[PDB]
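Per-entry structural report
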Amino acid sequence: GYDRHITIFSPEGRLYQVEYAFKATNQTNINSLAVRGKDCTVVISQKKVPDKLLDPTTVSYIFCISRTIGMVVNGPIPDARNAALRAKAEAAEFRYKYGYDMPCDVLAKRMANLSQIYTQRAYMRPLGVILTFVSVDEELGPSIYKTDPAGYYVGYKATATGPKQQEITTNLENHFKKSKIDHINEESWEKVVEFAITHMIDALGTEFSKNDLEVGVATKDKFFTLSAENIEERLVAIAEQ
Amino acid sequence: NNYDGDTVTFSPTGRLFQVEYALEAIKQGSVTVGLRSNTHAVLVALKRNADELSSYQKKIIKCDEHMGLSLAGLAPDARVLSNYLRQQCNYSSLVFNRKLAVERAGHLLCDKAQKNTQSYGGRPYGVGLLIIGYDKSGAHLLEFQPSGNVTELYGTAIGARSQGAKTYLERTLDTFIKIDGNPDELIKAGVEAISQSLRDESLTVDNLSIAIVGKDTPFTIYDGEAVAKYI
Amino acid sequence: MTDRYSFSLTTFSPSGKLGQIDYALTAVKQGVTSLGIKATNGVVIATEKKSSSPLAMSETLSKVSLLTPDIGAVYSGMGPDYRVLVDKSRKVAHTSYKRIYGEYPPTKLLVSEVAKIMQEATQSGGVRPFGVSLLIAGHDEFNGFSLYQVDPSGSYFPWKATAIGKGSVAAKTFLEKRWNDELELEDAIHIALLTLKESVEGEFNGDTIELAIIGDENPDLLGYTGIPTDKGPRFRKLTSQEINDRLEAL
Amino acid sequence: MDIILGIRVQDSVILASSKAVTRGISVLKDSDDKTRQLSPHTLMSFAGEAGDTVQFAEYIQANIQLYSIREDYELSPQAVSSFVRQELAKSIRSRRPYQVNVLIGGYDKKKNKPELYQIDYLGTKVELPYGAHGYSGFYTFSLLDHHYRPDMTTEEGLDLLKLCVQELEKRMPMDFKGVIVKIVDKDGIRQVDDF
Amino acid sequence: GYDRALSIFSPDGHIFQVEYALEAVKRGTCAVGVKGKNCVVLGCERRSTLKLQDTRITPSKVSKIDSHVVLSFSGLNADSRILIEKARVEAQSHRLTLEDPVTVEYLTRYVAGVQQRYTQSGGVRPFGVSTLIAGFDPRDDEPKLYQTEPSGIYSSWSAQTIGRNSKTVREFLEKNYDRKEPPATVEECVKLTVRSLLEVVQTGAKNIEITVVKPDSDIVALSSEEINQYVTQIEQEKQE
Amino acid sequence: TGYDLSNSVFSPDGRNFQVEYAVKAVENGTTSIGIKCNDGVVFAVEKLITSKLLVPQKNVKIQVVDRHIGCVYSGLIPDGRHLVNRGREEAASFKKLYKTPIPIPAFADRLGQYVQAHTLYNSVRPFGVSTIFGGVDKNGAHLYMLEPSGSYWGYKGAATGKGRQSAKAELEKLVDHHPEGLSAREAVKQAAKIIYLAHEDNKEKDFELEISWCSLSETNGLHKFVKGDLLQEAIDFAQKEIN
Amino acid sequence: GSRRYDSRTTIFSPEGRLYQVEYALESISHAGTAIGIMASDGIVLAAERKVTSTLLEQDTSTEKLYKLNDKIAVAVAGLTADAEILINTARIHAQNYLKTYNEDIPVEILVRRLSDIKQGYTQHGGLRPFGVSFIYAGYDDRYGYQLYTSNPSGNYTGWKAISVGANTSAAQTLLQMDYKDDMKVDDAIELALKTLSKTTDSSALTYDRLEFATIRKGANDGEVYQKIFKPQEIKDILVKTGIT
Amino acid sequence: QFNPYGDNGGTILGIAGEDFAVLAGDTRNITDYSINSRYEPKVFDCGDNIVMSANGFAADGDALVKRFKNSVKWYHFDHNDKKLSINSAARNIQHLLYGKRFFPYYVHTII
Amino acid sequence: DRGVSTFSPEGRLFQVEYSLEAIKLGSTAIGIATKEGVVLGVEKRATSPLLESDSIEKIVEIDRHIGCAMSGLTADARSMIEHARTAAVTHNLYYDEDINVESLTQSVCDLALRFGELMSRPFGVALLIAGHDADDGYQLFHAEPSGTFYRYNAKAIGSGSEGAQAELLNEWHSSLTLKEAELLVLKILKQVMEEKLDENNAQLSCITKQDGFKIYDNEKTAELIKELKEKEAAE
Ligand SMILES: [Cl-]
Ligand SMILES: [Mg+2]
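A short tour of the structure in this document, coming up.

So, how was this worked out
- Residues numbered from 1 in each chain as written, not as in the entry; some residues may be left out.
- Chains lettered and ligands numbered in written order.
- Part of a larger assembly, values for the part shown.
- Heavy atoms only, no water.
- Buried < 20%, exposed > 50% of the residue type's maximum accessible area, 1.4 Å probe, protein only.
- Helix = DSSP H or I, 4+ residues; strand = E, 2+ residues; numbered from the N terminus.
- Pairing = 2+ DSSP bridges.
- Contact = heavy atoms within 4.5 Å.
- Buried area = accessible area lost by both parts, 1.4 Å probe.
- Salt bridge = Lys/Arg side-chain N within 4 Å of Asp/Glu carboxyl O.
- Polar contact = N/O pair within 3.5 Å; in protein donor to acceptor, adjacent residues only side chain to side chain.
- Nonpolar A, V, L, I, M, F, W, Y, C, P; charged D, E, K, R; others polar.
- Core = buried A, V, L, I, M, F, W, Y, C linked by side-chain atoms within 4.5 Å.
- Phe/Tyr/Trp six-rings, centres within 6.5 Å; stacked < 30°, edge-to-face > 60°.
- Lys NZ or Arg CZ within 6 Å of the ring centre and 35° of its normal.

Let's shift gears to the pairing of strand β5 (residues 130–137) of chain A. Residues and elements named next belong to chain A. With 8 of its 8 residues buried, β5 lies for the most part within the structure. Residues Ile-130, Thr-132, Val-134 and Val-136 line one face of β5 and the alternating positions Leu-131, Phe-133, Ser-135 and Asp-137 line the opposite face, and both faces are buried. Relative to β5, strand β4 (residues 70–74) is paired through 5 bridges, and the arrangement is antiparallel. Paired with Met-71 across the bridge in β5 is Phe-133. Both β5 and strand β6 (residues 141–147) contribute to a ladder of 7 bridges, which runs antiparallel.

Turning to the side chain of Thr-10 of chain C, a few remarks are in order. Along the chain, the position of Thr-10 of chain C falls in the segment before α1 (19–30). Leaving out residues up to four positions away in the same chain, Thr-10 of chain C has contacts with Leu-18, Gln-20, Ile-21, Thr-122 and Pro-129 of chain C together with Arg-128 of chain G.

Another point: the interface of chain E and chain G. Taken together, the 31 residues of chain E in the interface contact 41 residues of chain G. Summing the contributions of chain E and of chain G, the shared interface buries around 3,000 Å²; its carbon and sulfur component is 56%. In this assembly, chain E and chain G are joined by 2 salt bridges. Along the contact surface separating chain E from chain G lie 15 residue pairs in polar contact. Within the residue set of the side of chain E that touches chain G, elements represented by two or more residues are α1 (16–27) and α2 (77–98) of chain E. Here the side of chain E that touches chain G takes 6 residues from α1 of chain E, the largest share from any one element. Here the side of chain E that touches chain G is composed, by residue class, of 16 nonpolar, 6 polar and 9 charged.

Nonpolar side chains tend toward joint burial in soluble globular proteins. Residues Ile-65 and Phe-133 of chain A together with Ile-33, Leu-209 and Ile-211 of chain F are the most contacted members of the largest nonpolar core, which totals 77 residues. For this core, the element with the most residues is helix α5 (residues 184–198) of chain F, which contributes 9 residues. Each residue touching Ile-33 of chain F, except ones within four places of it in the same chain, is listed here: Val-42, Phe-43, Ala-44, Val-72, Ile-132, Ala-158, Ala-159, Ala-167, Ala-191, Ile-194 and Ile-195 of chain F.

Most contacts, compared over the 19 pairs of chains touching, are made between chains E and G. One finds no contact linking chain A with chain E; the least C-alpha distance across the pair is 15 Å. In this structure chain B stays clear of chain E, and the shortest span between their C-alpha atoms is 10 Å.

What follows covers the packing of aromatic side chains. For the structure shown, the criterion picks out 46 aromatic pairs over all chains. Ring centres of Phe-17 of chain B and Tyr-21 of chain B lie 6.1 Å apart, and the angle between their planes is 45 degrees; on these two criteria the pair is classed as tilted. With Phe-17 of chain B and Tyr-21 of chain B both in helix α1 (residues 17–28) and 4 residues apart, the pair spans about one turn of that helix. Across the pair, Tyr-21 of chain B and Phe-17 of chain B agree in class, each one buried. Plain terms: the ring middles of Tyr-121 of chain G and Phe-130 of chain G are 4.6 Å apart, the flat faces sit at 55 degrees to each other, and that makes the pair tilted. Residue class for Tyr-121 of chain G comes out partly exposed when judged on its relative accessible area of 24%. For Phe-130 of chain G, a relative accessible area of 3% translates into the label buried. Here a set of aromatic residues connected by ring pairs shows up, and it is made of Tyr-2 of chain A, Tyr-5 and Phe-7 of chain C together with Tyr-5 of chain G. One cation-aromatic arrangement involves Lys-100 of chain H over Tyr-105 of chain H; the distance from NZ or CZ to the ring centre is 5.2 Å. For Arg-2 of chain I, the ring lying beneath its charged end belongs to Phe-14 of chain I, and the centroid distance is 3.8 Å.

Such coordinate-based values are descriptive only and should not be taken to indicate function.
Structure, rendered in structure tokens:
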């Protein structure tokens, strides 16, 4: 079965290399989560630093793609950085060609089209990553758009990705059943970050220190990541609740 | 076994079999020896004939006035690599008015061989080379292998039964290293070294090949009646 | 590096089948049901918006796409393959037609171009076939209303009405019973909604159903006034509300 | 090069072409045949830039001969003329164009009619009862406008040609060393040996 | 571009793709060439599982390369068109630059060279075609007949046959052709050519084609009636 | 199966076995290390003395990139050279366009993306080296380690080769016993010790030590080799500690 | 590298055959039968559609018969998609010839070039052959009315009457039996349909499962007309020969 | 506009005896009315008992001599240290010069 | 399958070794080098009596001072000869002199290993290149598809070669006259040939400094064959 080694159809109409690329997605054993506020979009991901010899500051799976767009990756870091560099280049070229900042959903589509090609063309393998793009779009407002190795993409009210993704997903589903709305009805991003961390704690059943987490925030006209000290402030605020 | 189909494949233990098979062609090749003092560097090569009617395959090729090599394995591959080396020595002269450092010659051969070990459709070079040269930092001897690995030595030997000559040189180190300002004595030590690798045969006039380069001696080749002096 | 796969990945087996086209069709079989019905004064194309998670926003995923102002497409099979085909189909309508003749291509010819792209993925070096079947509904001045199906092989056929994917065999039977040559557009929409309810299992409403028409011109959708011979697109995606309106009187 | 004429009569096409080849102040040759047989019932005369003329003629000849062998069939004069026009029309927008003017005289065996085509270096084709290239036309066109009749015999056409050559020998500045005359009819191509 | 080495050596030193190309030639309809004292005759079998043919328009098996040289073949028909086209182009190019038509040896050597080239070029298979090439050199009356094959080896023949059951007709020609005295006339040479085909063919009905080539571009196709006369006369003599 | 015969093929568990086999070639190589210090980095490597005939000091393995970056690697030596040649092209290009010498994190991704690119196609083989590299830029000192998969991170200390585990353990002690920092001259000595300690895993042949370093104070931010008095001083420190 | 996955589409079998050509012909043998019959005063093209569904739009459809130029048409047996690629090539090639020579392309020349393109796919490039067999029906002023067939090997031959696709063995014997040289177009029409009627894998022949075309001299004096029959016209010709 | 040529002056002279030959040239190098060098040799021993001078535009002359010296070097490599005859050197230099027929070496050459 | 440029575990290129087998199947070719000239002889081996044997061209001129005989897949030799002629003529154009025989041979041998995934396979033919030059006198070279060439005093290649080579080992001495060498080639050919040697199924040639490379007519070889039988009958 050489139909299992390259991206051609199997007799049941399946692409095993694409399916096996989805399995590489969880190789890092990290879970990510994204939600939308009124003004903002927050993305949180677990930060696991096993080796003591590592420089913890260099260990990251969140990327600043453009001034406005941020991206968290679920998958091995080489493929992750490969996708990050490409997305940065694509976002820059878009601005140069068309005279405005590339929207989150359009970058998502473009990267999804790129992933689709690897599923159809044989010489290119799929990247073993899932890319969650976040921004506050100037037309669409707070935005989450996610890409996978199949070349599939869609916008989300909120989303999660990783080994224990389903727990987090249903946790969020249940909140939006109750809340009755499309987003976190909150003024400040600080409290939306607090929501994100809180519901991650419930769904995973685990506690986090400042160095166990990684947080990206998108507001109007900038996406930025939080330092450990900014996260510690956030954890403290949750504990005093 | 299942992983020796081409050079682009690693074995499960991390080996490159096509490179190792290329290395094997060197082992079947006729023996050749390299050694050097502080003033001169010598190549001695045992040449191989097809039969009694045939000539003896040349093993030594001149690269520049101050550099040259001996070969063991696929001869056309040595011709390719020696030609590349001639060009590199030449580029250094024409552009920089600079004799090519023997060490840089090593690096350039290493990088040329390596590209054939990482790409599909190609093949590793099937020859090993011994490069001697006298440059701005004295006498030098280099051992090239088609894996890409190049090594600087006081002396060595490659080819079939090269182990005899290599142990002799390993013993004789402290003596031959100080044969300074005497060409004929360093050559004798080289001929004696190659003799440890002979079996059911000894050195004849059209069988033996010597080359020397050093302080005030351009790289030159001795064959025929000009080697009788050393048998 | 470089694409060293310059040879065909689809080849004839001893029996004469082209395996990858057959397997592509099998991928289409697994896909969600979609259909099209051709009325006298319009065409309807419809499908189910089968969401992946309720946290997804299924409005951001458009299964029915505008190709030209008078041509729309829907599919069954692999979504990402469909997405790039729509991208390529839009561009080819311009490069190989509009930029030459100053007008949009007629349905059959655009369909013809899409089929060409799909045929080439069945023979060119180093690619697999597209894993989709398309239904393309459209209008043009000299041919009127039309509906075409395009398969992974690159073959296309004109249809009065048909369905593709999951429950196509059943849906095609239900359409044979109901279709006649005197159908008005509203009647075809009604039949489309009935035919589709058969194949949908979960919720059946304006948020789970995607449905567009090729009908009358829409000056209100043109974007400008002042050129009376320009009357606007015949392609219109029915709103979530518009669909629910017709399910009360189902 | 310089003088090439063509007259189409009732049953044949007659081509007349000057024999001189001049370079500088020297007539290098006075017996030059400025013509190539493309097929058994099609002849092409040529005039223009040195080198280009023969190079172009022989190139066309090779192509028409190749066609003849491939299909075992002779192209009509109309078809050959169209092929030749297209090559010149290509050439005029090349890096270095063929600066060659031609006349194609042929007998179409399907129609049983003679045909004369005048094509200049730009690729301008016209079918004519009589034609000429270069300065020759400035005398011969008006002369033929007067004397020519559509139903003339080959023999009458040759006399009409003598008139043309006589006038050119009287009023043209250069000595073109007479002409070689060739007739194209239902029986193919032949050369008038004394003119 | 498609690069694959399809024609390659096997452990026994054989190039199977060249040898399998020969199997395709063996399956082809028979072709024979015989050179007389003053002519060369090309004869070709046409397989008779095909009625409702239109012979006006169906490709004839003997092809004119130039007006003085002809080429026939056995093997894949579509392949033969490619060789025939190239040869025709080369024939015109030779006339253009040398100002002289090709010799039969030259034209043969060219076609043989094309065939050889397809046996050691990446991405292509060998031609499944062997050719008989016949004619007269310009301003020469000595007849010429050459054979080519997929490998690219070529040589001259007093008479030769290729294709299916060629061994049978080669056997015939070998005992019926005297080197010392070749078929003195056209009549004689055509007869020997038909006789050899009749060892293999069937009836000499819509089954045998004959083409005669004389010096100075004198090449004509014989038709049913005149061939039938040869078939008729040969059989009535044979009843002894 | 056969998932491990071609590079860039995902196995059903989601792995690229060819990259994993390249790691085996790395693990087979000699030990090399890197230690990040207060204002710099130190690199060291074990050079096996195959024979008396190897000219001492004359088969240099640590490589400089630009003027401020040091690279050392364990595994297939020519593969490491190919990677450094590429690094040199990348640094030259960056310098040419942006004027400033290439930042170390920027340089790390350039190698990372290039190595990762050799896991994307079956027409290339993955790199048979793990590379320890780093230097000093406008933001301070950086040490990186990069693997055949293209994966890399920043390190306080790093090791690879046959003695990787012995050296890792020894590096963890330094990190634990010096939270405030380790000085450049200190790190040169420790580096020597750790190589001598990691030589237990490779001990038929005796070896030649080779150290290099970039320090803002001690080398002006440039990459220099350690030889003469300072090398022997560090060799002696190591000799002491094994007895 | 990639050599692993190469099918080697352009090699010989040990018997000296082209696998991919053989298997393409096997593909073609399951396609709707197409028949061409040539008369003294015209040509008939008749072909059977692959089992139609009642909901297929029958009049706006073309699956079997295609117009190459005003004087030449083809009947297709095999993959439709493959055939359209070759048809556009043939349509362009006809226009190049007209542009070059100011004369409509001779039927054989067009046929040879399409056949040459097919041949190329069997000898070089490592791609699969086109799974298509054509019947060419056309007129030119050299040979008059002509029929040709080409197949994936790139081999072409001329015919008085011929079939391609399914049941050619049966169809060829029936044509061989009832064809005479002095035949007229209307007799040829009748033969074409009666042959399909007996060879079809259906219950009986109906208008909706047929495509039909003629090339007569039926217009105004010494000039040629192509008639691609509409559904209603086939329905009538089916009654007018007594098959329905 | 940029003029790629210059004139560096000087003059050269070659005479042949029965068993010898001389090639002489002055050592002055100039541009316009200035002296660049009073000693800049332009007659060179090229090996194999061939002497050569390429007088006119010095940059072109140095390039040509450099190329011919290189031609001798490779003649030895490729033809078993064979001696390059003066007649063979002459023909080799013809191809060196004519290879730049449409952008010439601005020199009068003597060997 | 497995790549064209692959090494065996013994350290040899499969494709080059397999081409050597094809060469063993070829017809016999013999060369002998003397101080008076070099002789080249071949077995024509017509595959049928109807084939006109003088059309079998297996000895070939490269330049006036260099000749060549072949054995193996002889169609593969065309382009090697074409290259050789171009190289020899080109050398004369660049240097106004005759190309050295060794240099010519080296140039041909460079083509040999330019194959892979350039041409698709090695050549399936070996060549005996014979000639004269001022520096090294009369020379004979055996050029293989491995890219290796050996100088020989005498050499045989093709099917009859191991038997013929052993015979040449005895018979060659440094003072052979040209005539003696001509007879030796004829003698050894008649020994190893299947069919009976005559002027039609074998061919002779030589290259002398004075007259250059000459293929012998069938009349001239016929007399040498007749002379050979008489010298063997007489002891
Ligand atoms: Cl895109
Ligand atoms: Mg792929």
